[PDB]
Ligand SMILES: CCc1c(-c2nc3ccc(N4CCOCC4)cc3[nH]2)[nH]c(C)c1C(C)=O
């Protein structure tokens with residue numbers, strides 16, 4: 001069964017915009033989004049549709065690029081490290097749930113390298 005998706009806005013959580021958060025949305029997220037391997041990561045894992053009944057029995061901190069995008073659009077993060085942490089959570093969840101050699105893991109690995117490539121240099125303040 002599917003849990004509620006991660007929140008994308010919270011009235012108790014303070015919002016912020018930085019030059020690095022604008023970078024992560026405009027170039028990092030939006031370039032990754034257009035990659036040929038992006039499609040499995042553009043929305044939360046639908047355990048019912050994908051016939052993965054154990055996915056949320058294993059993954060207790062789910063994360064996907066659609067949630068990250070909405071969070072960036074809503075100024076949900078305080079800084080860039082908070083957003084990068086969500087990207088790393090998405091990738092690690094995929095390696096936790098699946099095994100080396102799986103097609104999904106090969107796709108995740110390709111996207112992680114491109115992500116690291118792009119966050120290697122970020123803008124300044
Ligand atoms: C292999 C199952 C899996 C997916 C995934 N399988 C998908 C199949 C179809 C779609 N579609 C979405 C809407 O457009 C039409 C096609 C999205 C999918 N995402 N993602 C992740 C992170 C995993 C893991 C780690 O097990």
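All of the numbers you see were taken from the coordinates with simple rules; none came from a lab. All Cβ positions, even for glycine, are placed from backbone atoms using ideal geometry, and neighbour counts span all protein chains on display.
Based on DSSP H segments of at least four residues, each scored -39500 (n - 2.57), the chain has a per-residue ellipticity at 222 nm of -12500 deg cm²/dmol. Packing, taken as the mean count of other beta carbons within 10 Å per residue, orders the peptides 10-22, 65-77 from highest to lowest as 65-77, 10-22. Spatial offset of segment 68-94 relative to segment 106-125 amounts to 13 Å, using the alpha carbon center of each.
Modelled this way, with points 7 Å down the Cα-to-C-beta line, the labels at residue 9 and residue 117 are 3.5 nm from one another. Here each label is just a point 7 Å from Cα along the line to Cβ, and for residue 105 and residue 42 those points are 2.6 nm apart. Is the chain best put as rounded, prolate or oblate by its Cα gyration tensor, with a ≥ b ≥ c the root eigenvalues, rounded for a/c under 1.5, and otherwise prolate when a/b is larger than b/c, oblate when not? It is oblate, given that a/c is not under 1.5 and a/b is not larger than b/c. Of the peptides 96-104, 39-47, the order by per-residue mean of other Cβ atoms within 10 Å, starting with the highest, comes out as 39-47, 96-104. Entry note, the chain: relative contact order of 37 percent, from Cα contacts under 8 Å with a spacing of 6+ residues.
Pull out the extension gain between residue 56 and residue 92, defined as 0.36 nm times the separation in residues minus the alpha carbon to alpha carbon distance; nm, one decimal. Write down the numbers at each step before the final one.
Numbers: separation 36, 0.36 × 36 = 12.96 nm, distance 1.42 nm.
Difference between extended and current length: 11.5 nm.
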